[PDB]
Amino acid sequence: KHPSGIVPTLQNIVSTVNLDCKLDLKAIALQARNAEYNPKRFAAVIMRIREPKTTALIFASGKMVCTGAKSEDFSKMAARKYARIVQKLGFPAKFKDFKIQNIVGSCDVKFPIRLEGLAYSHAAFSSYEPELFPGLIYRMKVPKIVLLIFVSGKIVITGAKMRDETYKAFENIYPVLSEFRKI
């Protein structure tokens, strides 16, 4: 499903799961060495494991957010590890409603892009204010994905719940990027 011949690399996956049990965040932050907590700043225990390299946000409600994985599977594995860490800490954690919430992929078309012309020709979807952010923000409607397009030809694709939406957004924009290649 890659007519362009380029496959965006998945860079970050954000997922959530329900441990399905109330948690004592202070007890976790004290029992765990690999855990940061200060409710004055944020309501979650921030934990990190080395493989898959991720960061979890564990809340008192038993709900948990997993960030930093390079794939959906790796995010699910990381999440299972935190839930087991939580269980070994004494809480009857379960593993329910695991869902992929956001997928960030990036790629390189390897040719310069004329961001102003592209923005202008696609005003309905584009936001280009280089003084604020040097990347053109392309809010695609089908699929509903947001792409950050840079002069260098590097592209950031975010907002997908499935990797296929990521791949399709890239394929949809490729013809457009080529059209505004900077010569």
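The numbering used is simple: start at 1 and walk along the sequence shown.
Student: For the C-alpha atoms alone, is the average B factor greater in 33 to 41 or in 139 to 147, going by the entry?
Tutor: It is 33 to 41 that shows the higher mean C-alpha B-factor.
Student: Mean C-alpha B factor from the entry: is it higher for 122 to 130 or for 48 to 56?
Tutor: The entry gives the higher C-alpha B-factor average to 122 to 130.
Student: Place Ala93 in the lowest, middle or highest third of its chain's C-alpha B-factors, as listed in the PDB entry.
Tutor: According to the entry, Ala93 has a C-alpha B-factor in the chain's highest third.
Student: Within this chain's modelled residues, let me know which third the CA B factor of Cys66 belongs to: lowest, middle or highest.
Tutor: It falls in the bottom third of the chain.
Student: Please rank the C-alpha B-factors of the chain's modelled residues and tell me whether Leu115 sits in the lowest, middle or highest third.
Tutor: Middle third - that is where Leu115 ends up once the chain's C-alpha B-factors are sorted.
Student: If you rank the chain by CA B-factor, which third does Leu23 end up in: lowest, middle or highest?
Tutor: Highest third - that is where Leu23 ends up once the chain's C-alpha B-factors are sorted.
Student: Going by the CA temperature factor in the PDB record, which third of the chain does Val17 belong to: lowest, middle or highest?
Tutor: Its C-alpha B-factor belongs to the middle third of this chain's values.
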